[PDB]
Every structure is written in C-alpha cells, then in structure tokens.
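Participant: just the structure for this:
(3 chains)
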Amino acid sequence: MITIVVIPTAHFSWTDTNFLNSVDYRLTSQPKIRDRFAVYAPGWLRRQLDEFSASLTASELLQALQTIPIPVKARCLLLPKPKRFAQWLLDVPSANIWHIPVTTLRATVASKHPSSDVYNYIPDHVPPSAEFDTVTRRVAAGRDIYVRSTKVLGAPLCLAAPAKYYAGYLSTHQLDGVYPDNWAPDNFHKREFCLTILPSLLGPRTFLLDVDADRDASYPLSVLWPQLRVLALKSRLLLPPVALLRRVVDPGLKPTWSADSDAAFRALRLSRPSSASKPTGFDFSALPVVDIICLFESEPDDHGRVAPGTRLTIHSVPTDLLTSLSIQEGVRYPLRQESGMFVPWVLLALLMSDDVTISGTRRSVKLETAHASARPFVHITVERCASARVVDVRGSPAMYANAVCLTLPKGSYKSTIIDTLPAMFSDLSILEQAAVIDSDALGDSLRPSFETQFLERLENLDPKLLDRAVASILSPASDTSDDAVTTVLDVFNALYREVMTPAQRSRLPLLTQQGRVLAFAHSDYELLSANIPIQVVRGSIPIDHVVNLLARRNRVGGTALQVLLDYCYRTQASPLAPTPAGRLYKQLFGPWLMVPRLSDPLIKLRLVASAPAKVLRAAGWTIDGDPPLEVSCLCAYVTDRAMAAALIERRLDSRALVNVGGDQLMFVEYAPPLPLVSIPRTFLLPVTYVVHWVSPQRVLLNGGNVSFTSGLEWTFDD
Amino acid sequence: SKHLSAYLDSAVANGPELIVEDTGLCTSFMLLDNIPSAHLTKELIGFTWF
Amino acid sequence: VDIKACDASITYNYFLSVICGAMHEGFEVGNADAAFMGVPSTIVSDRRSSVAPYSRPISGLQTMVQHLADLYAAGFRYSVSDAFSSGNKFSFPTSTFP
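Facilitator: Numbers count the residues shown, from 1 in each chain, chains lettered A, B, ... in the order given. Please find the structure below.
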C-alpha cells in the first residue's frame, strides 16, 4: 500500500461525490484503474483542521500531524464536569472502571465546589492545561483518550458518557457536533495505492503529488506546501499526475518501458455511461478541465522540411469545449483562417484558459494573433494532457445572479465568444444579444460619438506634440515623456469627466435592472465614478491586444486614435491585480458546454413574481381577468423532476421591485441581492436573460408607467 | 534590466533542482534527411532501395 | 486650512492603493507564519519576477491587507432607506470613505 499525500489546488471541488475525481478524473475512467485506490481523508479530521488553522504555525502543525497512522483507531472521549461526571459511576456502578470511592463521589455531590478529584489519577486524562501535541502523541498508541475540552486535534472527538451529563455543561450545537464521532469508526482497505490529505514522513513508500498549479488558498494546510515540496524535491519524490495511470509507479515523463499511448491517457475521451438515478442528473457546478501541451509550427521550407517549432502549455481549458468540437490528439490541424486570423476554436481555447506558458519553464507569455511575427505559425497539434481534473465553479468569480461587468483592454476578442459560440449551437437558448452590453455602447450614444468629440478636441494641439506622444507610447523605453502624453491625458480626462459620466449615470437601470445582464467596460473607473451597483471583475486575456488592434484599420481613427484611447483607459484603470477572464467565462458558459453530453432532456423553470391587477388598472392599464398578473424574472433548467420539485418549496428571502414604463420597458430589482451560491448547484442558468410577461395577451392596453413589489417563487412551466 | 529584487528569506528556501536523470541516448546531434531520395518506377529501377 | 472634503477625496485609485502596498510591504519584516487576531498565514502567488514567479507564505497581517485592498478597490456599497421619503430604498456604491 503506497501512500500519496495530496494538497488541493486552487479551486479543488470538495462536495464532489468522490474526492478522487478532483485529483484527476482520468482515474475514474476505467474500473481496472479506480479499484487500485483508497482515499481516507475523513470529514471529522477536516473540521478539526479548519478550527486549529488559526492557532498553530506551519512547522508546528506539520511536526504534530506527521506521525499519525493512516486509519485513526483512537477516539477523544470528553468528560463532563465533575459534579455531572461523578454521577455516572453510580448510575452504572460497573462503569466505575477506575473504582473511585463512593464516599468521594457523594462528597463531590455534596460540595459547593466539586474538585477535579474525580478526574485525578484517571489514566490518560487530559486537563485543559494541556497542549495539542499531548493528544497527538497518544493518538499514535491507537487507544482512546479522555479529555476535558473540545478544542482537540488528531482523533475524532465523542462523548464518553450519555448526553445527560454534558447537557447544561454544554449547549445544543456543541452537544450536536460530536454525534458522528459517537459512532465514528469505518474500515480502511489494503489496495495498491491510498491517497490522503493527511501528511506523512516522505520516504520510499510515500510520495508527494505534484499538479503544477497554485494551492487552495483557503485550505488550511496549504502553508505546508513549500516545506513538503522542497523535501520531496531534494529526494526526487514528486509524482506528476500522469504517473498514477501507469501499472507501476515512477517519477517521470516519456519512460522507456511505456509508450504511454492508451485510451486511459487520452483525457479528451470523457465518457459517462454509468448512472444511479441520483438527484444530480447533472451537477452544473462541477466542471472538468484540462491542461494541455500544444506544438506550433510555421510553413515548411522550399524542400518540404520544417523547423523544430515550439510547444506551449495551455492551462485549464474546459474539456467539453474540445470534445464538442471533435478535437483529437495527434492531429495537425490548420491554425490560420483564410484572412490570416486564428480559426475560431483556437481563440475559444485561449479565451477560456487561465494562462499560457512555455512548456518547459514557468514563464507566461501573451500570444500574438496577427501579422506581426515573421515565420508565423500555421499548424497546431495537441500532444498530451498534463492534467485533467474537475473543478468547482459555483459563484467563484462572480457572486450575484443580477448582473456582472467584465473589464478588458481595448482590442479583446469579446465579439467571438459572445457571437460565434452561441451561433455554433443556435439551438439551445444561451443568451439574448439585447441583454449583453458592449463596452462601446455609451460612447456610441452621444450625437457626436465620444471618439469623434475626443478627436475634434485633440486636433487643436500641435501635430508634433501628438506625434511625440504616440511614439512615446509605442516605444517601451520612453519613460513618462511627460509633456506629450500628459497634455493628451488632460484632454481625455477633462472630456470624459465632462460628458461620459452623466451619460453613463443616465443608464443605471439598463445596466442592472434587466433580467440578467452581462456587461463590458474599459475600466472599473467607468462604473465607480457613476455609482452603479454591479460587481466588477478585472479580467485579462493571454493574448497581445496592442498588436491586435493595430490590424483593425476600418475605424474612425487611423489606428492611432485607438492606441491613444487604449493608453488613456489603461491609465484611467485602477491599479490592482487582474484575474484571468477565462475563469469568468468558465463560470458563465462552462455549464452550457456540458449540455450536449447529457443523456436525458432538460426541464424548464422560473421564479415568476405576482402583480396585483388593482395597481395596473389604477395606472390606466386595460387588463382582462381578476387573477393577479405574474412576470418571469429568470428561467432555470434541471433534469430530475423529482428532486427539482423537492427543492422548489424554499421561500427566497428576496423581494422584487418591479418597474415598467408605458412603453413596456420592464425592469426588476431585488431588494436583498440574489447571490449565485444560493442557487442549488443542480440548477442551470442562461448567461443573460430578459424579464417579460408570462402571458402578454392578458393585457389589453398599456396605461402609464407602473411599479410594485412582490415575493419570488420558483415554479414549473409548460 | 532594472528588475531590482529584494532579498527574501522564504524565497531562498527552495533549493536548486539538482537531480535530473535521463535514460535516453546521451547525444546532442542528429543525422538528417535534408534532401529526400527520389522514387523511380519507370526508368532507373533498382538504383535505390528503401 | 482644511481639506475641502477629506472623506470624499481619499480614494483607492490614488491614495489607498499606495497605502495598501506600503503596509503590505512594511509587514514583510516579521514571521511569515504568525496568525494575528485569529487570521492565519496563507500562501499567495508572487509575480514580481516574470522569469521566476512562485508562491510564498504571508503573515496574517498581510492577509488582512490582501482582503482590505480588495474591499477598497471594490468600493463601499451603501444601502439607503430614508424614512422621510416614501418607498424609495435602494443601494449604490461609492469610493467615499465611511
């Protein structure tokens, strides 16, 4: 039984049916494979670590935990307070296994201040005047331990006596927390391998799993990662995840004795034949992704030979994207389109990825996708999957079902993901283009466009000053070059503050108070300066945008105004660490990409909010029928009608403030904001949505504008 | 250039990657096929053997 | 002398970002693993070097700064519920210091 110690990565899925899947889902592909592994990693230990995390240094914690055997056979047996505890040895006389005198017991019953005497001389009694390691040392003995406090570490903690003594001495939730430990044990089995979150002495039969990704920052033991890694490194004990799939373990890639050419290795062949009629007809919060190594090549030489080329690593591209596009390993696909741009699917892979680096080293690169580079790449081949794991998506980058705004530098390929991707399916409702907000919308709203006005003001300056500014921006070494650039910045700032802010502030409901809005902006400042209650995510894409916009020639400005605007926005943007935009894209579109893999049809839902007919008529509306009108705020999808109905009885504590004008422009607002995590993870939401009457034929004439408040209630539909 | 980096105590606690072992061929030069041989099928048959 | 509106002029884009960076750097001198007020040390990714990025532990104080800067950059989110006006409660964010 070789043991592999595991430290979870950045977004390790925890509520998964099997911890094993979040490690690398390829291990579940074959029965012949999954039968070779045990897991352990019990929940009770997890909870203990969650508590002690705030009270021990990494070195101490590692030193304490490292000695614990794999299946913890011991228990911590909490004792009740002496007045309570003493009665137990007489309620059952044979339970007085230490045979404490009856006189002392009833002397304790008589005393106003019952002493620790009942605890005194009891073997392996742990007083509150004890330390964490004291418990751990006894844990290695396997026998149960008697303690006088709940804050203990290393073994499941359960009551020694019936609850009657601890009641009053402890409170409900405290009395509740020990229940699984009161009947804790479960068996551990002797398979070939056993994974574990519990650390251990690294040695000839213990290995550290290396996934090549950042740890879970929230996971309490991530602080141990450096010390563990270096110790493994100095003794060559790291294991790349692929090594686990081989019949015999070895740290290495491309071994002699194995070609590593088997269906098990090919992560692209994601298959789901088995079923259990479980409520998760699908868990749309769990998303399988892969890290892949891809080889890029340019045109061959005059004699058909080709250069060695370069291979890069793409991180955490969702696998269903590739599978649905029938991408296969070992196939040299064409990279460039007719017009020289990238083929769409490659762009999607880049956009939804987290990062792109050179394969060998750990240097991240922003890829160019234009005619800039000489000997440009024309062919691409995916070679192998460095890792393939499922990841939790629920509410990770964005928090509210209402709306979210993503900031990207000018020249990004947002158009591709918002148009080509849904168009590539165009059969299942993904979003409504009327709900997505292009970052350029407000700039286009002014009667002379914001760009035209900026150009018109700008030309008043001397051309040489403008020329000097543009050159300085392009030339990286031109530090500051204050005169030229600052003058332009002043004009930009003055104009934007003057015109853009009031215009932006005049579109408040359009950004947030629709069904569900996805919005783009060139900088967070564009929203903060206008006080728009929408979460803003500072994204970034792993492609060079500057060169990209240098290829777009059909614009108001001759490619020079564009770079000027780009610099201005970047200067305007607040200094902060930006996140990969792919994560947000994964949160939005990811679940939808798994739809075609499903076996059974979907079921629609919604949470319509009522509307009394009185106010409508009072507002001059002509409406048939007495029953209150209702309006669909947001539609959802499930597939197990049973559990879906079972989950529909919850009453959301979020009111809706519906507002609609005479022009039927309808708006919604949730007084308590609706958070995404509140949505059960079996659901599925569209990227964007537009509120609308459930039955437009009920109304016969729109009176004046209307506002009202109502509750929210998930309901079926037909 | 000008990447002024401050000394950090934890940063130096990694250790270099000394143990790198190769089981392949200890070579660094490759023989190549710079100009392929022609496939004759009508005349000059037999002058080449693949 | 007196600042015209110090509450309204202190902000993250210029002021608070500088302070957050200085505080986070100023706390580097100290045990990287030392919880403060129940906030334990954590692992964060360091990307100062484009050629040699990595992750290292940071003390609880720095973790507080990490979140505090995030909050300031996000801006305060207030919710108004004035009683003198009629049925008009709403929420909107601002950079104005409390």
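
Participant: quick check: residue A:466 is in a strand.
Facilitator: No: counting by DSSP: H, G, I helix; E, B strand; the rest coil, residue A:466 falls outside a strand, being helix.

Participant: just checking, it touches residue A:491?
Facilitator: No: distance between residue A:466 and residue A:491: 10.5 Å, which falls outside the contact criterion (C-beta atoms under 8 Å). Where C-beta positions appear, they are placed from N, C-alpha and C, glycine not excepted.

Participant: common neighbours of those two, please.
Facilitator: residue A:458 (C-beta atoms under 8 Å, 6 or more residues apart in numbering or on different chains).

Participant: in what helix or strand does the residue of the stretch 551-700 of chain A found nearest chain C lie?
Facilitator: For the stretch 551-700 of chain A and chain C, the shortest gap (C-beta to the nearest C-beta) falls at residue A:574, measuring 4.5 Å. Element membership for residue A:574 (DSSP states H and E) is empty, with no helix or strand holding it.

Participant: list the buried residues of stretch A:383-403.
Facilitator: For stretch A:383-403, burial by neighbour count (16 or more other C-beta atoms under 10 Å in any protein chain shown) applies to A:384-398, A:400-403.

Participant: err, stretch C:73-88, not the other one
Facilitator: Neighbour-count burial for stretch C:73-88 flags C:73, C:74, C:75 (criterion: 16+ other C-beta under 10 Å).

Participant: wait, isn't the residue of the stretch 551-700 of chain A closest to chain C in contact with residue A:524?
Facilitator: Yes: shown here, residue A:574 and residue A:524 form a contact pair, counting by C-beta under 8 Å, at 5.5 Å.

Participant: hey, what's in contact with both of the two?
Facilitator: The overlap between the contact sets of residue A:574 and residue A:524 (C-beta under 8 Å, 6+ apart) consists of residue C:73.

Participant: ok so, going back, tabulate the buried residues of stretch C:73-88 (CSV), appending secondary structure and distance to chain B.
Facilitator: Written out in CSV, the entries for the buried residues of stretch C:73-88 read as follows (DSSP: H, G, I helix; E, B strand; the rest coil; distance: C-beta to the nearest C-beta, whole Å):
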residue, secondary structure, distance to chain B
C:73, helix, 24
C:74, helix, 29
C:75, coil, 31
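
Participant: so which of the residues you listed are also by chain A?
Facilitator: With C-beta under 8 Å from any C-beta of the partner chain as the criterion, the subset of the buried residues of stretch C:73-88 in contact with chain A comprises C:73, C:74, C:75.

Participant: now do the same contact list for the second one.
Facilitator: Under the criterion of C-beta under 8 Å, 6+ apart, the neighbours of residue C:74 are A:535, A:536, C:93.

Participant: how about the first one: what's its closest non-neighbour residue?
Facilitator: Here the nearest residue to residue A:535 in space, its sequence neighbours aside, is residue A:404; by C-beta to C-beta, 6 or more residues apart in numbering or on different chains that works out to 5.2 Å.

Participant: what packs against the helix or strand harbouring the one you found?
Facilitator: In this structure, residue A:404 sits in strand A:403-407 according to DSSP H and E. Secondary-structure packing of strand A:403-407 (3 or more C-beta pairs under 8 Å, 6 or more residues apart in numbering or on different chains; DSSP states H and E): helix A:508-512, strand A:517-521, strand A:535-538, helix A:581-593.

Participant: could you tell me how many residues sit around the residue nearest to residue A:535?
Facilitator: 22 (other C-beta atoms under 10 Å in any protein chain shown).

Participant: can you check which strand is longest in chain A?
Facilitator: Among the segments of chain A that qualify as a strand by DSSP state E, the longest is strand A:377-392.

Participant: and the angle for that one with helix A:581-593?
Facilitator: Relative orientation of strand A:377-392 with respect to helix A:581-593: 70 degrees, computed using axes from the mean of the first three to the mean of the last three C-alpha atoms, to 10 degrees.

Participant: which residue lies farthest from the center of the chain?
Facilitator: No chain was given, so I picked chain A. Largest separation from the mean C-alpha position in chain A: residue A:103, at 62.2 Å (C-alpha atoms, centre = their mean).

Participant: please go with chain C instead
Facilitator: Taking C-alpha atoms, centre = their mean as the measure, the residue most remote from the mean C-alpha position of chain C is residue C:86, 35.1 Å away.

Participant: check the secondary structure at whatever residue of chain C ends up closest to chain B for me.
Facilitator: When C-beta to the nearest C-beta is the measure, chain C has its nearest residue to chain B at residue C:56, with 4.6 Å between them. The three-state label given to residue C:56 by three-state DSSP is strand.

Participant: and the closest residue to it other than its chain neighbours, which helix or strand is it part of?
Facilitator: Nearest non-adjacent residue to residue C:56, counting by C-beta to C-beta, 6+ apart: residue B:10, 4.6 Å away. Secondary structure here is read from DSSP H and E; on that basis residue B:10 sits in neither a helix nor a strand.

Participant: residues contacting residue B:10?
Facilitator: A:226, C:32, C:56, C:57.

Participant: now with 10 Å, please.
Facilitator: Neighbour list for residue B:10: A:226, C:28, C:32, C:33, C:46, C:54, C:55, C:56, C:57, C:58 [criterion: C-beta atoms under 10 Å, 6 or more residues apart in numbering or on different chains].

Participant: again with residue A:426
Facilitator: Applying C-beta under 10 Å, 6+ apart as the definition, residue A:426 turns out to have no contact partners.

Participant: residue ranges for the helices of chain C, please.
Facilitator: Applying DSSP state H to chain C gives helices spanning C:6-9, C:17-26, C:60-74.

Participant: what residues does chain B put near chain A?
Facilitator: Listed as neighbours of chain A in chain B under the rule C-beta under 10 Å from any C-beta of the partner chain: B:1, B:10, B:13-24, B:32-36.

Participant: in ChimeraX, select just the buried ones from those residues.
Facilitator: Filtering these down to the buried ones (16+ other C-beta under 10 Å) takes a single ChimeraX command:
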select /B:10
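
Participant: from residue C:12, how far out is the residue nearest to the spatial centre of chain C?
Facilitator: When chain C is reduced to its mean C-alpha position, the nearest residue by C-alpha atoms, centre = their mean turns out to be residue C:69, at 2.1 Å. According to C-beta to C-beta, to the nearest Å, residue C:69 stands 8 Å off from residue C:12.

Participant: also residue A:556?
Facilitator: As defined by C-beta to C-beta, residue A:556 lies at a distance of 33 Å from residue C:12.
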